[PDB]
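Enquirer: Respectively, the protein sequence lines represent chains A and B.
The opening position of the first sequence corresponds to residue -1 in the authors' numbering, with each subsequent residue numbered one higher.
The opening position of the second sequence corresponds to residue 240 in the authors' numbering, with each subsequent residue numbered one higher.
Ideal placement from N, C-alpha and C gives every residue a C-beta, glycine not left out.
One structure, pasted below without further comment.
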Amino acid sequence: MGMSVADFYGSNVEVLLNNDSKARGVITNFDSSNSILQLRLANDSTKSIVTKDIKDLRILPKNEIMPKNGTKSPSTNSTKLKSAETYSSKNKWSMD
Amino acid sequence: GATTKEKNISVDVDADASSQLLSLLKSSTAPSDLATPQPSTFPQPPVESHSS
């Protein structure tokens, strides 16, 4: 039907600017009066860009954006920091 | 059975929606802004609801 940008706040998308340069990041804000868009990129960096310099916009795929794979990946299986005294391999239950 | 593409899934992400975001920044677009003038109404309620 039709939605406003407030629904797409926090969306990760890529944007090509009038100078044929590309930049992608997760949106944080947009001001109607000045049309000014803040993007918070996953490298812990903030960047404010005024939308008027946008030549074109596109939404990127969710996860696996840089790396290319052909698996469903139902679980993230991540263990960054926070370690316990238990180890798990493949799956806790097999042939169950 | 077997299909041409190994991946099918369902999800929701049409390539045409990306154009709507760039279309909004470029112009209002609205329901009509190109064909000849015609009798139409554009109500704008203060609050929108999906269920009632």
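Closest Cβ-Cβ distance between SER257(B) and chain A: below 7 Å?
Expert: Yes, because at least one Cβ of chain A sits closer than 7 Å to the Cβ of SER257(B).
Enquirer: Does the distance from the CB of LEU35(A) to the CB of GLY23(A) come in under 7 Å?
Expert: Contact flag unset, no.
Enquirer: My assumption, with CB atoms under 8 Å, is that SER43(A) sits in contact with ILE25(A). Please give the rounded CB distance.
Expert: With 8 Å as the limit, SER43(A) and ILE25(A) do not qualify as a contact, their Cβ atoms being about 14 Å apart.
Enquirer: Cβ atoms of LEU79(A) and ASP51(A): under 7 Å apart, would you say?
Expert: No, these two residues do not count as a Cβ contact at 7 Å.
Enquirer: Counting along the chain, where does the beta strand (DSSP E) carrying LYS78(A) start and finish?
Expert: That residue, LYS78(A), is in no beta strand (DSSP E); it is neither H nor E in DSSP.
Enquirer: Can a CB atom of chain B be found closer than 7 Å to the CB of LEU55(A)?
Expert: So yes, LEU55(A) belongs to the interface.
Enquirer: Closest Cβ-Cβ distance between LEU264(B) and chain A: below 7 Å?
Expert: Yes, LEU264(B) counts as interfacial toward chain A.
Enquirer: Which value, in whole angstroms, describes the spacing of the CA atoms of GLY0(A) and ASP255(B)?
Expert: Each residue's alpha carbon lies about 12 Å from the other.
Enquirer: So, do the region 277 to 284 of chain B and the region 62 to 81 of chain A have three or more beta carbon pairs nearer to each other than 8 Å?
Expert: Verdict: no, contact absent.
Enquirer: Any idea what DSSP makes of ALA256(B), helix, strand or coil?
Expert: Helix.
Enquirer: Would you say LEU273(B) faces chain A, with C-beta separation under 7 Å as the test?
Expert: Chain A contact via Cβ: absent.
Enquirer: Since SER46(A) sits in a beta bridge, which residues does DSSP pair it with?
Expert: BP columns for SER46(A) point to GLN36(A).
Enquirer: With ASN247(B) as the anchor, note down where its beta strand (DSSP E) starts and where it stops.
Expert: Unbroken run through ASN247(B): none, as it is neither H nor E.
Enquirer: Taking all protein chains shown into account, do 16 or more other C-beta atoms lie within 10 angstroms of the C-beta of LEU260(B), making it buried, or fewer, making it exposed?
Expert: The residue is buried, with at least 16 neighbouring Cβ atoms inside 10 Å.
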